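Visitor: Please read through the structure below; I'll follow up with questions.
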Amino acid sequence: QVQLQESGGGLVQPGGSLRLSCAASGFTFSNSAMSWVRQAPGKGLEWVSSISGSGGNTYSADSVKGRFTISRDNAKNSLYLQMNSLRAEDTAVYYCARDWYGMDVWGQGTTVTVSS
């Protein structure tokens with residue numbers, strides 16, 4: 001009965017910021033490493049960032065490092081992605097995942113579109 005659902009996307013200006021959320025239930029969130037992955041239509045899936053169960057370690061992809069900040073709130077069973085300095089190439093559907101590799105995906109995603 002694992003559930004994950006993303007929220008927080010929207011239409012944003014270049015250089016803007018957004019914060020995505022992922023609400024988790026049906027498993028012990030605090031014991032699970034979590035990740036974000038994104039997919040632009042016709043481009044492939046791209047791993048974005050991961051975080052350890054405790055939040056003691058995070059990792060980010062070369063394309064987003066230093067701009068996108070993963071975090072979590074274990075008390076509220078929620079995963080976050082603070083996206084700053086948004087670029088055209090960040091437009092995509094974003095998905096959370098309950099593993100290190102952005103490969104255990106349960107939600108419908110949340111769309112981030114950087115406006116022109």
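We label chains A, B, ... in the order they appear in the structure tokens, count residues from 1 in each chain, and number ligands from 1 in the order shown.
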If you run DSSP over the backbone, which residues in segment 2-116 of chain A end up strand (DSSP E or B)? Put them as a PyMOL selection string.
Guide: chain A and resi 3-7+10-12+18-25+34-39+45-51+58-60+68-73+78-83+92-97+110-114
Visitor: Need to verify the contact set: segment 99-109 of chain A, 12 Å, only C-alpha atoms, exclusion of same-chain residues closer than 4 positions in sequence. Can you return it as a PyMOL selection string?
Guide: chain A and resi 1-10+20-26+29-40+45-53+57-61+92-95
Visitor: Enter the distance from atom CA of residue 84 of chain A to atom CA of residue 44 of chain A, in Å, rounded to one decimal.
Guide: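 Computed distance, atom CA of residue 84 of chain A to atom CA of residue 44 of chain A, equals 22.0 Å.
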Visitor: Have a look at A:13, A:110, A:116, A:82 and name the one nearest to residue 66 of chain A; count only C-alpha atoms.
Guide: A:82
Visitor: Here is a test: counting only C-alpha atoms, which residue of A:87, A:96, A:115, A:27 is nearest to residue 70 of chain A?
Guide: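 Distance minimum relative to residue 70 of chain A lands on A:96.
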Visitor: So how many Å separate atom CA of residue 17 of chain A and atom CA of residue 83 of chain A, to one decimal?
Guide: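 So the answer is 5.3 Å.
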Visitor: Using DSSP on the backbone, list every residue of chain A that comes out as helix (DSSP H, G or I), and give them as a list in words.
Guide: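 Assigned to helix (DSSP H, G or I), within chain A: residues 29, 30, 31, 74, 75, 76, 88, 89 and 90 of chain A.
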